[PDB]
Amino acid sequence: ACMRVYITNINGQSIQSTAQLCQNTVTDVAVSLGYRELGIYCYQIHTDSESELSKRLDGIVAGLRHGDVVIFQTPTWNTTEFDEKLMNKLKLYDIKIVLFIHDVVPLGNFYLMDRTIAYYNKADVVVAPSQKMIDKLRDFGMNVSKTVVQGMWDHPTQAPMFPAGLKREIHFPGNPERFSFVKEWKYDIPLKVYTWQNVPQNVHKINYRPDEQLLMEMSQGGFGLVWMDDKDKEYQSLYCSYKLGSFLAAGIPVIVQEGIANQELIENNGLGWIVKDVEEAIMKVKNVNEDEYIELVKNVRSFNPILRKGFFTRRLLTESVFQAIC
């Protein structure tokens, strides 16, 4: 009996899926720690007889041995049915299971919240974006005793950082479809939106670029905006933003919405400003002098080796396996 740690990893999604991006990046760190990938392909679950699905899963977990530990990165995006039966398959082994939450599907839409929580409760440790997320999940019946807070996505990279000049512009590499505040841009601060989609005056569309390029370009100065839409104001209070990690790894300060999860990280480390609303953000971008920009930048760049070396991830990947056995 010789313990190995395995971790699930999705494959086959779009060139531009942040979801897969997250998992693959977590997995690369995990591989570097000695862990083993359980590759999972993103496909149409209805395409399998319930029996072919049982055996595709046997294919996926073929290397598993009792005494192992499995880190399940949820969701698989293969349907709650897949999630459920993957879990069920793992519960047949005499192993500890770490549930690593990237998103809670119902949070839209809301109905399957119950079957979601239900297989969640089968894990031994839960890793979640924030304590607020854990608290809110307990409210729906989540009863796993050992929980670990993720805090922040890393963003492992060796993209050169150029000196950050005080450009009074704002960067935002999300998609307008999901963020409608972007179409409502009123202010005379340029908003640089990085997206594939083609949809005001001061918003400037920029072509989707490989992540390393975006980082290099963003490092030349400016501010990074982390901002949700108005129903997404639920999550935001709960999830970890991926682009937040991308701003910080690039070496520029951030502007986040008052009430975002884990805001303490931003404050304690002097990484940017927590503002009430867009207006206040604009104001600060207009007010900030050369001095206080130079400070925020140096704060970001003394902080970001954590992000670029993948330590929030190495941290939770190590602690959760230990808590599972301990």
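In case it trips you up, residue 1 is the first one in the sequence shown, and so on.
Item checked: Gap size, residue 108 back to residue 107 (deposited sequence, no coordinates) -> Count of unmodelled residues in between: 1 to 3.
Checklist line | Deposited residues lacking coordinates between residue 199 and residue 200 (none, 1 to 3, 4 to 9, 10 or more) | finding: The entry has a short gap there, with 1 to 3 residues left out between residue 199 and residue 200.
Notebook entry, point to check: Of 38-46 and 281-289, which one has the bigger average CA B-factor?
Noted result: Mean B over CA atoms: larger for 281-289.
Next item on the list: Read off the CA B-factors in the entry, average them over 111-119 and over 85-93, and name the higher stretch.
Entry: Per the deposited B-factors, the answer is 111-119.
Note to self: Comparing recorded Cα B-factors across 171, 233, 243, 155, which one is largest?
What the structure shows: When the deposited C-alpha B-factors of 171, 233, 243, 155 are compared, 233 is largest.
Notebook entry, point to check: Say you rank 179, 247, 100, 162 by Cα B-factor from the PDB entry; which sits at the top?
Noted result: Comparing C-alpha B-factors across 179, 247, 100, 162, the top value belongs to 179.
Next item on the list: Relative to the other modelled residues of the same chain, rank the CA B-factor of residue 317 and answer lowest, middle or highest third.
Entry: Lowest third - that is where residue 317 ends up once the chain's C-alpha B-factors are sorted.
Notebook entry, point to check: Compared with the other modelled residues in the chain, in which third is the CA B-factor of residue 72?
Noted result: Lowest third of the chain for residue 72's C-alpha B-factor.
Checklist line | Record-listed C-alpha B factor of residue 213: chain third | finding: Within its chain, residue 213 is a middle-third residue by C-alpha B-factor, going by the deposited values.
Note to self: For the chain shown, is the CA B-factor of residue 22 in the lowest, middle or highest third of its modelled residues?
What the structure shows: Residue 22: CA B-factor falls in the middle third of its chain.
Checklist line | Modelled-residue ranking by C-alpha temperature factor, third containing residue 16 | finding: It belongs to the highest third of the chain when residues are ordered by C-alpha B-factor.
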